[PDB]
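A short worksheet on the structure shown next.
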Amino acid sequence: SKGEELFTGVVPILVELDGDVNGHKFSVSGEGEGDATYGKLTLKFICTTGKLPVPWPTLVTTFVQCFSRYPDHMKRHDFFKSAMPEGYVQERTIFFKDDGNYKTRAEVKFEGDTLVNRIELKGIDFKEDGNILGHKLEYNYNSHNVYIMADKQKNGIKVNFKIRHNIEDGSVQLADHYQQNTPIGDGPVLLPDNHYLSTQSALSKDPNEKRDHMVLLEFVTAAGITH
Amino acid sequence: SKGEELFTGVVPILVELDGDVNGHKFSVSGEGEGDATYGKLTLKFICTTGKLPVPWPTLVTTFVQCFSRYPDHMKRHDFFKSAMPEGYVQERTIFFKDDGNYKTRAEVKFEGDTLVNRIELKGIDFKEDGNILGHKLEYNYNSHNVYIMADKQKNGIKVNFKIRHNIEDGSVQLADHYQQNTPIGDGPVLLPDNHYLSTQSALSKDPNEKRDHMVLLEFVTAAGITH
Amino acid sequence: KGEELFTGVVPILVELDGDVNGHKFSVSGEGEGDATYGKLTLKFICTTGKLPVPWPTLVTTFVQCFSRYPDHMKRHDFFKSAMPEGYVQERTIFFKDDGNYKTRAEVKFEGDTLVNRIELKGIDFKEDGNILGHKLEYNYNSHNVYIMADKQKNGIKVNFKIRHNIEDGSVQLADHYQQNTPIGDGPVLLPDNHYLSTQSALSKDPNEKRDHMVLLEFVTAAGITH
Amino acid sequence: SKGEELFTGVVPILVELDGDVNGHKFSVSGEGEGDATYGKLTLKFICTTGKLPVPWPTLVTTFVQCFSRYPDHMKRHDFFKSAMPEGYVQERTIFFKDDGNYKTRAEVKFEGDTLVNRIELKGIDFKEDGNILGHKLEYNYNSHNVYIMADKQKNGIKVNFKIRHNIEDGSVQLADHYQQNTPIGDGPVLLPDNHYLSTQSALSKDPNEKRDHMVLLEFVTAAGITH
C-alpha cells in the first residue's frame, strides 16, 4: 500500500492516555520509536499523575500494530499501514475474567512525522482487592498470537485474543480482548484475509527514572498466510 | 473430555443432506469412517436424485470436525469431541463472492456407534451462469486454516475461514464461511482458546461408480496453542 | 526450468528391487502427482508374492519433487530444479534396536512420466523384531522432513525420524539420513534450511488380491519467510 | 531435566570473549540476565580494548541458548538446560560468504549462581575492505530459525543456520553457522528430536556509555515438535 512507505525506516511515536478506572483518574504519556522493517517497537511510559492505580502490564495492549512486520508474501494483508497517514480508530473492550473491564477508544495516526496513539480508557466493576486494583500481577509478559479477521461490512477489521497475565501466587489472570479497527480517512485500505500477529513483549525499568513508569520493547510479526 | 474417548479408534460416519439451491432440489448420502488419532477422514458421497446442480467442491465444507487431530498439548481445546455423544448443531452462512449464498444447519451426533452428520442446505440468489450454477469450478481443493474462537454466551464456538475454489479460467472464487457450533446436550463442554485447524482435502472419483458422486479424503490438525 | 514440468498432473512409476536379510522381493507402483497441491496418489504391488517387511516401513523409500513449495519459497525447491534429468536419492534408515535399510534411487523423467527406481538392501534385522515379525500397525503419522544444502555436492542433506506405531501401543523409530544430488550438469537451486510437512494415508484396494498398499500423501514446504 | 530447574527464575549472566581477527586482538565483557520462562535475554557488551575491529552484529551469535523458552510439550528436547550446571562446550565455524571465517570455542556453564559464557574467537582470511573489516554492516538484526539435530555419537547436538546481515547499500551479507554442542560433565543429558529455535534480536545503545558497546535484547522460543 501507499501508507506502507511511511514505515520503511525508524518512525517516532507518541502515546497519550487519559484513564479512569473505578473513578481513579490518571494520565500516562509515552514516547519512543518503531522500525516496522523488524517488527520492533521501543517505548517508555510515565504516569504523570502519580502512582498508576492499575498494574502496568494490564495497559500494554492499550498503549500501534502498524509497526508489525508483514513478510513480503503477506504485504497485501497489512490493514494497519494501508490506513496511514490518516490513521485508524482502535476500539476495545477488555474483559478481565472474574473482574472488571476496560473500554478503550484510540486514534492512531500521523501528526507531522510522528505516529501518535491517543487513547481514552474507562474501567468499571473492578474488585477492590482483585488482581488489578490489588496489584497482584507480576511485572512480566507472555507471548501471544493476535487473531485478525476482516469485517468488510463495517469497513475494517475485527481482532480477538486473550492475554495471560501471570499472578504472584502462580495462577493466571485472563484478559479477553475484543477489538475493532476502522479507517479515519476516505482512501482505499487493505482488508486482509484471516491471519495472526505473533507478539513478544519485554517489560523493564529505567534506572534513572524516579516516577512510576514502564519501558517496553516489543516484536510483532504477521503470520499464517501462504496463498 | 469423556467425548474424546469415543474417538480413539476408527468410527463409521454417515452423512445426509437435503438441498435446495435456487429451487433446484437435491439429496446426497455419504458414508465412510474417521480416525481422529490421525485426523483423517474417508468419505464417499452420492447424489441420489440424479445430477448434482452445484459443483461438488462447493459442498465439501458442508459434508465433521470432531475428527480433527488435536495434539496432546491442545486437548482441552477440543470443543467438537467434548459435545459427544449428544452432539452439536453446526450452522453456517457461506457467501460466494459476487454470487449467491448457502445457509446450512446440521446436527452432528452419535446414532448408536456411528457419527452422523444430517444437514439441510438452502442456497439463494445464485447467478444462472455464475461459477456455481454454471459449473465452472475445477475438481480440486486447496489447503485452508479454519479459525476457531469461543462463544461463551452460546456455550459453543464461532468459526471463520474463506475457501478458495479454483475456477476453470485460472481465477479463484471465494466462499466466506461464517460458522457457529452449539451443544445439543446439557452436559459441560470445553470452550477453547483461539486456535485453528489446518485442513487438506483430496477429491477423487470411484472408477466403479456411475452415479454423480465425490470421494473425499481429508486430514485435519489443530494448531496454534503452546500455553 | 524444472518447475514448469510440475504445473499439472504428472504420471508416476515406481520400481523397487529389495533384499532384506536375504529375503528378495520386488514392488511396482503407479499413480500420479499434482505438486500444485503437494498431493500424491500411488498404488504399490509386491510382484514376487508376500512382502517380507511391513508396508509402512517402505513408504518413505517409494518423489519429493511433488512437494508444494508456496510461491514465497520457490527459490528453495531443489527437487524440481534437478528435472527433467533428475536426482539420485540415497538413504540409510536405522530402525532403533533393529536393522537398517540402505537405498539408492534415481528420480527422473522418462518421457512424460516421473520415475522412481530404487535398490534396497536391508541387513541385521531380528527375525522376531518389529520389522520381520510384522508387528507394525497399518497406519502412518505426520512428520517434518528437515532439509539443508550440501554445497560441496551441489545437492541437499535431509534428516528426519519416522515414528511407526506398534501393535502393543509403543512406537518403532526409523531414523532417516538422506542425500540428494543432481544426475545432470544443469544448475540446481540450493535451498536455505527449511522443512516439508508430510501427511500420509494408507489404505487397501478392496478388489486387489495381491499384497499391496494404496498411498495418498500431502507434502508442503515451510519455514522460510525471508 | 534437573538442569531445567536452574532456569525457573531470573539468572545473572556473564560473557567474556577474547578475539583475534586478521591479527586484530580485542576483548569484550558482557553482563545481564536471562529469564528462560519467557525465552528472554538482556545483555550489555563492552569492548574493553578500545574500538571493536569488527561490526558488533557479527558477534551477536557468539555472545546462551540455555535461555530458550521450550514450551511444556517440548521440554524433553532441551539439551542446553539438561547439560547444566556442569555446562556445555559450544564450537562454531562461521563462514561469511565471499569473505573470511570465525572459529569459536566457548564454555557455557554455571559458576556459582551465574551462567557464564567464556569464548575464544579466531577470525582469518577477511578482506581488508570487505563488509566486516570495512565496517559496512548496518546496526540491526533479522529474525532467524536455528535448526537443531541430535549428534548421538558426541552425546550432544549439531546446529545449523545462516544469519542475514543487512549491508549499508541494501544488500545482505550471509554468515553460515556450523555449530556443535557437547556436555562438559558426564551426567545424563537430553538428546532431542529435530526442532528449531525462533530467535529475535534487538540491538541498541546505552546513551550514557562512552565506550564502544552493544545492548542486546533477545527472545528465543523452541518450536516444531507436537509428538
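FYI, it's all coordinate maths here, none of it is from the lab. Positions of Cβ are backbone-derived with ideal geometry, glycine not excepted, and every protein chain shown enters the neighbour counts.
If a residue must be more than 16 Å from B:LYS81 (Cβ to Cβ), touching a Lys or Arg at 6+ places or on another chain (Cβ under 6 Å) and either at the interface with another protein chain (Cβ under 9 Å from one of its Cβ atoms) or hydroxyl-bearing (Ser, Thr, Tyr) (or both), how many such residues does region B:203-227 contain?
Adding up the residues that qualify gives 1.
Counting just the residues of region C:152-163 that are within 10 Å of another protein chain (Cβ to nearest Cβ) and in contact with an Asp or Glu (Cβ under 9 Å, 6 or more places away or on another chain), which one comes out surrounded by the most Cβ atoms within 10 Å (Cβ to Cβ)?
The qualifying residue surrounded by the most Cβ atoms within 10 Å (Cβ to Cβ) is C:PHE160.
Restricting to region D:178-212, count the residues that are part of a loop (DSSP other than H, G, I, E, B) and touching an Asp or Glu at 6+ places or on another chain (Cβ under 9 Å).
Residues in region D:178-212 being part of a loop (DSSP other than H, G, I, E, B) and touching an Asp or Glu at 6+ places or on another chain (Cβ under 9 Å): 7 in total.
Any residue that is within 22 Å of D:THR182 (Cα to Cα), more than 14 Å from every other protein chain (Cβ to nearest Cβ), out of contact with any strand residue (DSSP E or B) (no Cβ under 6 Å at 6 or more places or on another chain) and crowded, with 20+ Cβ neighbours inside 10 Å - is there at least one of those in region D:104-116?
yes
Looking at this structure, is C:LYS39 in contact with an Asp or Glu (Cβ under 6 Å, 6 or more places away or on another chain) and either among the basic types (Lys, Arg) or within 30 Å of B:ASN166 (Cα to Cα) (or both)?
no
Does D:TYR141 meet the test of being surrounded by 15 or more Cβ atoms within 10 Å (Cβ to Cβ) and either more than 14 Å from chain C (Cβ to nearest Cβ) or outside any strand (DSSP E or B) (or both)? Explain how you work it out, then say what you get.
On the way: surrounded by 15 or more Cβ atoms within 10 Å (Cβ to Cβ): yes; either more than 14 Å from chain C (Cβ to nearest Cβ) or outside any strand (DSSP E or B) (or both): yes.
When the stated conditions are applied, D:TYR141 passes them.
For the subset of region D:178-202 comprising residues that are away from every other protein chain (no Cβ under 14 Å) and of a type in the set (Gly, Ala, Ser), which member is nearest to D:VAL64 (Cα to Cα)?
Looking at the filtered set, the residue picked out is D:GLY185.
Quick check: is even one residue across region B:152-161 out of contact with any strand residue (DSSP E or B) (no Cβ under 6 Å at 6 or more places or on another chain), basic (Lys, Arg) and under 23 Å from A:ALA175 (Cα atoms)?
Checking region B:152-161: at least one residue is out of contact with any strand residue (DSSP E or B) (no Cβ under 6 Å at 6 or more places or on another chain), basic (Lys, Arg) and under 23 Å from A:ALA175 (Cα atoms).
Being among the hydrophobic types (A, V, I, L, M, F, W, C) and under 27 Å from A:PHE7 (Cα atoms) is the filter here; which residues of region A:90-120 pass it? Don't jump to the end; show me each part of the working.
First pass over region A:90-120, keeping only residues among the hydrophobic types (A, V, I, L, M, F, W, C): A:94-96, A:106, A:108, A:110, A:115-116, A:119.
Result: A:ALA106, A:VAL108, A:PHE110, A:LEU115, A:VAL116, A:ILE119.
When you scan region B:188-202, how many residues do you find that are more than 29 Å from B:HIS135 (Cβ to Cβ) and touching a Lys or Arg at 6+ places or on another chain (Cβ under 8 Å)?
Going through region B:188-202 one residue at a time, the tally reaches 5.
For region D:164-177, give me each residue that is touching a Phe, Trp or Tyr at 6+ places or on another chain (Cβ under 9 Å) and away from chain A (no Cβ under 14 Å).
D:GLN173, D:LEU174, D:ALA175, D:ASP176, D:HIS177, listed by residue number.
Of the conditions (1) surrounded by fewer than 21 Cβ atoms within 10 Å (Cβ to Cβ); (2) away from chain B (no Cβ under 11 Å); (3) closer than 14 Å to A:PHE96 by Cα, A:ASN131 clears all except one; give me its number.
For A:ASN131, the exception is condition (1).
Taking region D:1-58 as the region of interest, how many residues are within 24 Å of D:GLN173 (Cβ to Cβ) and of a type in the set (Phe, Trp, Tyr)?
Qualifying residue count, region D:1-58: 3.
Tell me, which residue of region B:67-84 that is within 14 Å of chain D (Cβ to nearest Cβ) and part of a helix (DSSP H, G or I) is surrounded by the fewest Cβ atoms within 10 Å (Cβ to Cβ)?
Per the criteria, the residue is B:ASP72.
Considering each residue of region A:183-210, count those that are polar (S, T, N, Q), touching a strand residue (DSSP E or B) at 6+ places or on another chain (Cβ under 9 Å) and surrounded by fewer than 17 Cβ atoms within 10 Å (Cβ to Cβ), and give that number.
The total comes to 1.
State all residues of region A:20-36 that are touching a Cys at 6+ places or on another chain (Cβ under 9 Å) and either within 23 Å of A:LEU190 (Cα to Cα) or not β-branched (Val, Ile, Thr) (or both); if no residue qualifies, say none. Give the derivation first.
Residues of region A:20-36 touching a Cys at 6+ places or on another chain (Cβ under 9 Å): A:26-29, A:34, A:36.
Passing the criteria: A:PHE26, A:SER27, A:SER29, A:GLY34, A:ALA36.
For B:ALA175, only one of the following conditions fails: (1) assigned to a loop (DSSP other than H, G, I, E, B); (2) touching a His at 6+ places or on another chain (Cβ under 9 Å); (3) closer than 23 Å to B:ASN101 by Cβ. What is its number?
(1)
Quick grid of which residues meet (1) within 23 Å of C:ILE118 (Cβ to Cβ); (2) hydroxyl-bearing (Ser, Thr, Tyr):
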| position | (1), (2) |
| --- | --- |
| C:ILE147 | yes, no |
| C:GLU167 | no, no |
| C:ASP175 | yes, no |
| C:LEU189 | no, no |
| C:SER203 | yes, yes |
| C:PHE218 | yes, no |
| C:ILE224 | no, no |
